[PDB]
Amino acid sequence: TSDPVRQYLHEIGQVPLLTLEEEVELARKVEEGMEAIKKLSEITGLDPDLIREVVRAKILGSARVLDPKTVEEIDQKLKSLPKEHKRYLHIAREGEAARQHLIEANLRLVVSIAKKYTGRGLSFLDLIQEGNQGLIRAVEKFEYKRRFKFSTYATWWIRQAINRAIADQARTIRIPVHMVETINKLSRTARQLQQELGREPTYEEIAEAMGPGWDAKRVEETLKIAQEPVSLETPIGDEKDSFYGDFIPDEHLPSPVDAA
Amino acid sequence: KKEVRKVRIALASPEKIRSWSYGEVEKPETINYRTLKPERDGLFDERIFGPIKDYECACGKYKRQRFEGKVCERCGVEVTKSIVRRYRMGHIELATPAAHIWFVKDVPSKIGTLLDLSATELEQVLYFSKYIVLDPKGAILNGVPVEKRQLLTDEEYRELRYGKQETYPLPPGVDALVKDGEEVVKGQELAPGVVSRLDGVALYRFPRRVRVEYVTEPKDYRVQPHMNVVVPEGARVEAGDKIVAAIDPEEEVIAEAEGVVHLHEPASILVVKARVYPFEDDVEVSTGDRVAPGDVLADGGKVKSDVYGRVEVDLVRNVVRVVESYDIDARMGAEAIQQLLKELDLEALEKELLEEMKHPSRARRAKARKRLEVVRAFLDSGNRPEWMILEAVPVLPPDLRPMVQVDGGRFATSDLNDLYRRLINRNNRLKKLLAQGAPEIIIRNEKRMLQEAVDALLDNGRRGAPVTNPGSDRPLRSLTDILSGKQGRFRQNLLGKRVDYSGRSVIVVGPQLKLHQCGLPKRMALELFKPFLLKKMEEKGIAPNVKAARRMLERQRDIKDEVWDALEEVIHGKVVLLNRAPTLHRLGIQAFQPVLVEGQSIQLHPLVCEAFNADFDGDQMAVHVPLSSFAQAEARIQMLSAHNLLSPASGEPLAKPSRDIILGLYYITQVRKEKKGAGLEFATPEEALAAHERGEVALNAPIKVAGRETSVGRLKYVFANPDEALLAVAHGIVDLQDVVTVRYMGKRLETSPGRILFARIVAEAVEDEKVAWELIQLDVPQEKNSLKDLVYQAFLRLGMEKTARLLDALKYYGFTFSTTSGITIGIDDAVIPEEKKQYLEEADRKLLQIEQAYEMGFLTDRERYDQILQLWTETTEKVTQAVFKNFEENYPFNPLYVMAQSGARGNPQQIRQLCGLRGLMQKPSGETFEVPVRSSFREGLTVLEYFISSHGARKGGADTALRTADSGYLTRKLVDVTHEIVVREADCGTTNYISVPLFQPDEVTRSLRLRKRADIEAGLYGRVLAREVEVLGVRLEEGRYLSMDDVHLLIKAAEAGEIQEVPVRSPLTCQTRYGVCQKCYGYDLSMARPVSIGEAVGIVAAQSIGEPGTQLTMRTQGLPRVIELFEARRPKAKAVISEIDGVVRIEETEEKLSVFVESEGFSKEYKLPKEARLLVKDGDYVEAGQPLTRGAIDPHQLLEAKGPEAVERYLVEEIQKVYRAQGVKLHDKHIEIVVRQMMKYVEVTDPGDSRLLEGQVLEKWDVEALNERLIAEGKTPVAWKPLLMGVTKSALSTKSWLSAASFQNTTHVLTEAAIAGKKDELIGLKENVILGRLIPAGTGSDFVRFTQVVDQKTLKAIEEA
DNA sequence: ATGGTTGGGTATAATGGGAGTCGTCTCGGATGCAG
DNA sequence: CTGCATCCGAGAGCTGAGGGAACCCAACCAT
Ligand SMILES: Nc1nc2c(ncn2[C@@H]2O[C@H](COP(=O)(O)CP(=O)(O)OP(=O)(O)O)[C@@H](O)[C@H]2O)c(=O)[nH]1
Ligand SMILES: [Mg+2]
Ligand SMILES: [Mg+2]
Ligand SMILES: [Mg+2]
Ligand SMILES: [Zn+2]
Ligand SMILES: [Zn+2]
């Protein structure tokens, strides 16, 4: 019942893995479904993405909640098309189903990759979900014509999504991605300098070890903006009666003396 | 501005929440990392919540007032006060609905009760573990049709929604016994190692080779995973056509000639349950479409569907396959729960439950009633059930979840910000995933995470593992955590606050102070009265302006002399409040006039230390300053120390002489006894005088002259008046303790000069000689009890002002005479009697005997142990008696003896430990040792004896430590249950009363023995006589308040057999709503006069009960017994009582024992354990509710048997027993008030012509009013039974949701009140305190608070007008 | 017109987690046993 | 079919004082 990680693992494990034939088959289906989408777009003259959405809505079914009226009108706006040039629509439906299967089958690689990113400010399930987003992107961009295995192309996208989510969401005060990379590089450099020197390095040593464009003052500013806020509810003392925010005075509202 | 009169709480609709919000929070950003300004659309956005600066937009275009209500075009920030940042709310629009955990996890669940779903089913559906069916659409599961409100697992839903399509991996290089496209029954083997299990068609998957004929001869083509087969099985081919397409153009397989095609070595076989339809032209339904029987598929309608299923058009074989499925509509989570909630029709459900409530089954009726409670609450409040599912989540204003820069430049934030950030991140990710057409597993996981995030925001640490911040184990503080607990909003910021104009300091004895005065340090007073001092400095020439006065007062070295005189003028006539924690009763806060002193210590009067429970070993006290005229008047009239002289709990004096004062008065009022003469015989006084001059007889020896006892002092020294006797004392002729003859008040008194001096002290204090002579007891030494009686009599006869004068005089003279008396403690003052040695040897004798009796088989282990214990107990008692006999006979002025006898300090047990012996000690297991400590504290203990006593010392310390907490909790519960009870009217008009008995049955059932005087006083003093009483030719009229003299007269009449019980009014029989009346309460015990209308007697009762319990009552027995009685707990040592009347017939077998109660109608039986002890005998008569065994009686069984009155009397008597055992004086009224609140409710047995339900608990007053109206209309009255519940359950069942929520169980109270839409009418004190209003008690009572005052001149002018 | 910020991309193969906690008492739903 | 009977889980245990872990590349709004 509880422990949602076990529930999610059970639901992913209920889906069997894939062999080479099945994986290549599904990838080829996805590619031809996209080509069929574009062919049908050219035939009807309409926007390809909207017809893609109609195919996705029809596959997902009524169960999944663009409205039913519009998609129904375009659905019968496509059934009117004659044979020989109609196959495209069936191929698009099949390809979308293949995309769903492929994602469902490759969900476990996301967990395998994400299990080694815990302890960076994001919970395990959040990392898993962001890895799933990266997996969807990799599925969309995968090219089976190169005869590479799917996981080889999927791992890069999963890692990129997880890293981007960590850089974006780990801090209460959002710090841009380039600045986050700068902070990580600074910390790693400081750790290497401490390992070499046998003691905590000074800011000038870190500035020298970063390279051109770095002085001790800039390192000081970077460490200043990398400080994370503390909780107003941090317990002070042994008894559970004193919090940190109990020691912080209000400096905004005017005092009775000031008002007088 | 209209006055606030009621507060209502109710569920909030999504429309209401969206109307609250000033904008949607779309981003989890808080502030920018460079500029430390709020981020747009974030949790701190000025566009949503308001500007940080007053009258200034974000971009600075407008920075001035008059632009109120104007929104800047560039930045979107309104121009207004910044304080709106603590009022303006936001909201989050959830992608999917989420359930409010309060209505899910508070047992029993409101949503589960409404939808008839168990907790397990609700948890399974809400957190995406099982589906729930809506509109099954004619689906079949395992041969049984599916119905609404049915729970399907993931497997059952997947089978029903899609179908069965199993795949079997054919081993490499093995062909299958079956062909592609052939129906396969269950069990039919498809390979040498594969056996099918489901029915339907088999389909080849990835054939490893293709055999293509050529017009004939065959040929083989290998099929690798990286290539696919295009031509369907059993289809001819042409020259040049391709069959097995490959990725590489050179790898493609083009057919050389015309030939048939076959596919072999399939990688796997897919067995499905489906129907098949070939076609030869354009088809109509594409892949992923669901069809019904008889629908057009292809061939212009030539083929038609025969079954329900989903259509997939496989172009490889040019065949339409309908996989057996349904369009069933089963959903998961809060969306499904909300859909079920909106379809609910409450009136039809109410009718169904009313029909169900007619079942003979009691359990069914109880379940229907429980569901009906919720249904009717929703119907009455007008709330919609679907509002229990959230669509928009409100967002607290930022100023109540601040992100602030600490003085050190770092940032500090609230946990609510992190919870909101998690919620927003998960919602945004869910929206993105939905916009991407993600598979259903990912969407289900994301929705589960969103539900968990909402739960964590509302109530963290309730379902599952609590959310914590990384790197710590500390749970994040949710809104529920903020609301509830000892540190929550209610108990920490609403029922108690930190205040201005207050200080604290160590306390020092103030012996030169008057009763109404306290010593206040100069610096403390200057800080406390600073604005008044500034005004006074402005009035004088000390400062040109208030700012200059403040600057001058800022620095210590800048203060002069005249400011102190200005301060002395400021405080003239004003009072301050002194308070010592813990405040156990109202006397813990008292008003005093401050006298400015030097130093840093508060000076306290010695006579209020007992009321404060204050000593001078480091105690600290707090000082508060009442500001306005009303506050000062209340402090001076009601809370002045000199106006509070009697205890509100018992009516006995509370400010009284103690310690050194008692010692001095006793020393001067005790008389010498001498043995030199020892009853000699004399014929004439001259012979006695000559004998005394010769040295043969002492001055105070009891001699006999002329047949009358006297002494030489009485004959030798005869004084004309007290002045002559005291002048002789001043000359050393006689001592204060010598017995002489003095002429006073026209009489010749054989007394001592000290007693005459005490009489003069009293007479000069009260400024009345005859009354003072009447008050004092001349012929006894003045000790604690006599002094207390004198103070009480002086109060009654003269008033509190003269009583205060007398108290001050007694204090002064007691201190003066204690200083010069010569009281000291030396080691030789702990006199060891000689008898002890003998008493020890005697004991050492019998012990040997005991050992003999154990070596010869005559004694067991238990018998010998008990005999030794008894012997040592009796030896200890003998040693105590010997010690005190030695003190009485030989050293009557011994310091320890005088200290114990006067009541100044010490009790006989401690003195025995000092002098005689410590005695027996208890092991940590609770059993006694066999050897006692035979050494006293003067002799010195050995190491082993000291270690043995350490067990008891430690146990006593731990006892104290737990007891104080348990008593505090009990006192809080009592305050919560009685806080609304006020004296609200003069007379309720009732004719009911209670009968206080004067005789109690004996423990040996011999006869009725007269009760102790203290118990009768505690039960009778101050009460109003309900009926006229004639005793000893004295007529006590109806409506008379019983004074102490009347109580004594009643006791005297009872001792003469004229009366057996007294009928009096009581709170148990009062008819006043939310309180009592003046007559049913009686005296205000702190004033010895009828109670004033408006007195908060409930608080007084709770404090009176709770104060002694702290420490006084030891810890079935002690404080646990009192707690068990006030909570109405069923005893674990429960006794057996008779439910009906009848005669007793004990039926005993050698294996079992039983008691039959045989009435004239029926004969009942009671089986009890044989080892028990019976209070009844064969052939006896027992009434209903009488006990048959020893032990504590269950109050609920007594309520069923005898009724309400008997249970009230039992509870009162049993609670008073514990307090009497400890020696605590406490009036019955307070316990009666608490018990009256305990018995406040009834249960409906038959509704009659009412809308009530059977078994519905409701207030007794409300049902009586309902019955009165029903009788007025002429209907069938409601039938009810009384109920009894403990203080906790009675307090939690009140009408006011504010007090119940601030008491305990906050989430349950709040959710029930919100469901019901309850309105709080602000009747009690706690609600008005929470709202910061004027409490309906004391000066805030409607009886007195509209009084006007005017002079005669102004009144006449208005009269002329 | 410059820096700071943001969106997109990487191709051998990779396929179900991990810390933890056992020394408290009392009272009201509830599943299980019998009749 | 009812009833009682252990069984589990949920909500409590005085106040006051003092206590503080990848890197790179290119287009694009803001200032
Ligand atoms: N609210 C609390 N007050 C306490 C606590 N411990 C001590 N105190 C207070 O401090 C006081 C300490 O009392 P002592 O142990 O000195 C004994 P007391 O003066 O009452 O008696 P004698 O020794 O007979 O003179 C106690 O009466 C309370 O007023 C506690 O845990 N809670
Ligand atoms: Mg003391
Ligand atoms: Mg003390
Ligand atoms: Mg004389
Ligand atoms: Zn602006
Ligand atoms: Zn009354």
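Residue numbers begin at 1 in each chain, while the letters A, B, ... track the order of the sequences.
No contact: B/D966 has no heavy atom under 4.0 Å from any strand. Among the protein residues, A/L17 comes within range of the nucleic acid bases, having at least one heavy atom under 4.0 Å from a base atom. When heavy atoms are screened at a 4.0 angstrom cut-off, A/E239 is found touching base atoms of the nucleic acid. Using a 4.0 Å heavy-atom distance criterion, A/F124 is classed as a sugar-phosphate-only contact. Nucleic acid contact class of B/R498 (heavy atoms, under 4.0 Å, all strands): sugar-phosphate only. Contacts of B/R410 with the nucleic acid, taken as non-hydrogen atoms under 4.0 Å apart, are absent. Among the heavy atoms of the strands, none lies under 4.0 Å from B/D473. Among the atoms of the strands shown, only primed sugar atoms or phosphate atoms (P, OP1, OP2) are found under 4.0 Å from some heavy atom of B/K486. Looking at heavy-atom distances under 4.0 Å, A/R174 makes contact with sugar-phosphate atoms alone, never a base. No engagement by B/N579 is indicated, since no non-hydrogen atom pair under 4.0 Å with the nucleic acid exists. Contacts of B/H1308 with the nucleic acid, taken as non-hydrogen atoms under 4.0 Å apart, are absent. Looking at heavy-atom distances under 4.0 Å, A/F142 makes contact with a base.
Counting only heavy atoms from C-beta on, B/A363 has its side chain closest to D/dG3 among D/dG11, D/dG3, D/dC14. When each of C/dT5, D/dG16, D/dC14 is scored by its nearest atom to the side-chain atoms of A/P176, the top-ranked nucleotide is C/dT5. The nucleotide whose nearest atom lies closest to any side-chain atom of A/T152 is, among C/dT12, C/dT15, D/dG18, C/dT12. In the set D/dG11, C/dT10, D/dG13, D/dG11 carries the atom at the smallest distance from any side-chain atom of B/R462. Here the side chain of A/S151 is nearest to one of C/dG9, C/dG17, C/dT15, namely C/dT15. When the nucleotides C/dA11, C/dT26, D/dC1 are ranked by their closest atom to the side chain of B/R1129, C/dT26 comes out on top. Of the listed nucleotides (C/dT5, D/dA12, C/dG9), C/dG9 has the atom at the smallest distance from the side chain of A/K141. The side chain of B/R364 lies closest to D/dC1, out of D/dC1, C/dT6, C/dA11.
Looking only at atom types and distance, the side chain of B/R474 has no donor-acceptor partner in the side chain of A/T234 under 3.5 Å away. For B/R963 and B/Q1111, the side-chain atoms include at least one donor-acceptor pair closer than 3.5 Å. No side-chain donor from either of A/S187 and A/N184 sits under 3.5 Å from a side-chain acceptor of the other. Using modelled atom types and a 3.5 Å distance limit, the side chains of B/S967 and B/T1110 yield a donor-acceptor pair. A side-chain N or O of B/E1127 and one of B/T1288 form a donor-acceptor pair less than 3.5 Å apart.
Checking the phosphate oxygens (OP1, OP2) of C/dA14, no side-chain nitrogen or oxygen of A/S112 falls inside 4.0 Å. Contact annotation: A/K149 reaches the phosphate of C/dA14 (side-chain N/O to OP1 or OP2, under 4.0 Å). Between D/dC14 and B/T964, no contact under 4.0 Å exists linking OP1 or OP2 to a side-chain N or O. Regarding contacts with the backbone of C/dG9, every side-chain N or O of A/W157 stays at 4.0 angstrom or more from both OP1 and OP2. A close approach under 4.0 Å does not occur between any side-chain nitrogen or oxygen of B/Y969 and OP1 or OP2 of D/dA12.
In this entry the distance linking CD1 of A/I248 with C1' of D/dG19 reads 15 Å, nearest Å. The interatomic distance linking A/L125 (CG) with C/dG16 (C1') rounds to 13 Å, in whole Å. Across the protein-nucleic acid pair, B/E29 atom CD and C/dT6 atom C1' stand 13 Å apart, rounded to whole Å. In this structure, the CD1 atom of A/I158 is 14 Å from the P atom of C/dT10, given to the nearest Å. Separating the CG atom of A/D241 from the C1' atom of D/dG18 is a distance of 9 Å, rounded to the nearest angstrom. Counting to the nearest Å, the P atom of C/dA11 and the CZ atom of A/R146 are 8 Å from each other. Atom OH in B/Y33 sits about 12 Å away from atom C1' in C/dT6, given to the nearest Å. Distance CD (B/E39) to P (C/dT6): 8 Å, rounded to an integer number of Å.
In terms of the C1'-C2'-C3'-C4' torsion, C/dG20 has a south-puckered sugar. The angle is below zero. Its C1'-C2'-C3'-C4' torsion being positive, the sugar of D/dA12 is assigned to the north family. With a negative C1'-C2'-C3'-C4' torsion, the sugar ring of C/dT12 falls in the south range. North puckering is assigned to the sugar ring of C/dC33, since its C1'-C2'-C3'-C4' angle is above zero. Using the sign of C1'-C2'-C3'-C4' as the criterion, C/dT2 is classed as a south pucker.
Classification of B/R444 and B/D154 as a salt-bridged pair holds, one side-chain N sitting under 4.0 Å from a carboxylate O. Salt-bridge check for B/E39 with B/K27: failed, with every basic side-chain N at 4.0 Å or more from each acidic carboxylate O. Using a 4.0 Å cut-off between charged side-chain N and carboxylate O, B/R463 and B/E123 make a salt bridge. In summary, A/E228 and B/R410 do not engage in a salt bridge, as defined by a charged side-chain N under 4.0 Å from a carboxylate O.
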Scan nucleotides 21-27 of chain D against the protein and return all N/O pairs shorter than 3.5 Å with their distances rounded to 0.1 Å.
from	atom 1	to	atom 2	distance (Å)
D/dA21	OP2	A/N184	O	3.1
D/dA21	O5'	A/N184	OD1	2.8
D/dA21	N6	A/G119	O	3.3
D/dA22	OP1	A/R120	NH2	3.1
D/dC23	OP1	A/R188	NH2	3.4
D/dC23	OP2	A/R188	NH2	3.0

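Mapped onto DNA chain C by nearest heavy atom, A/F148 and A/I12 fall at different nucleotides, with A/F148 at the one closer to the 5' end. Remark on DNA chain D: of its neighbouring residues B/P582 and B/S484, the 5'-side contact belongs to B/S484, judged by nearest-heavy-atom nucleotide. Both B/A119 and A/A105 lie close to DNA chain C; mapped to their nearest nucleotides by heavy-atom distance, the more 5′-ward contact belongs to A/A105.
For B/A611 against B/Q590, the heavy-atom pair with the smallest separation is CB-NE2, 3.7 Å. The shortest heavy-atom contact between B/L122 and B/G112 is CD1-N, 3.5 Å.
Spacing of P atoms, D/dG13 relative to C/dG23, comes out at 22 Å, to the nearest Å.
Classified by interplanar angle (parallel below 30°, tilted 30° to 60°, perpendicular above 60°), the ring pair A/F142/A/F150 is perpendicular.
Syn is the conformation of D/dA21, whose glycosidic angle sits no further than 90° from 0.
A/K185 is listed as a side-chain neighbour of A/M210, based on a closest heavy-atom distance under 4.5 Å.
Where pairing requires Watson-Crick or G-U contacts shorter than 3.5 Å, the helical stems of DNA chain D with at least three consecutive pairs are C:6-10 with D:22-26, C:24-35 with D:1-12.
Nucleotide C/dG16 forms a pair with no other nucleotide shown, judged by Watson-Crick or G-U wobble geometry with both contacts under 3.5 Å.
Qualifying salt bridge (charged side-chain N to carboxylate O under 4.0 Å, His left out) partners for B/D619, counting only residues two or more places apart in sequence or in other chains: B/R580.
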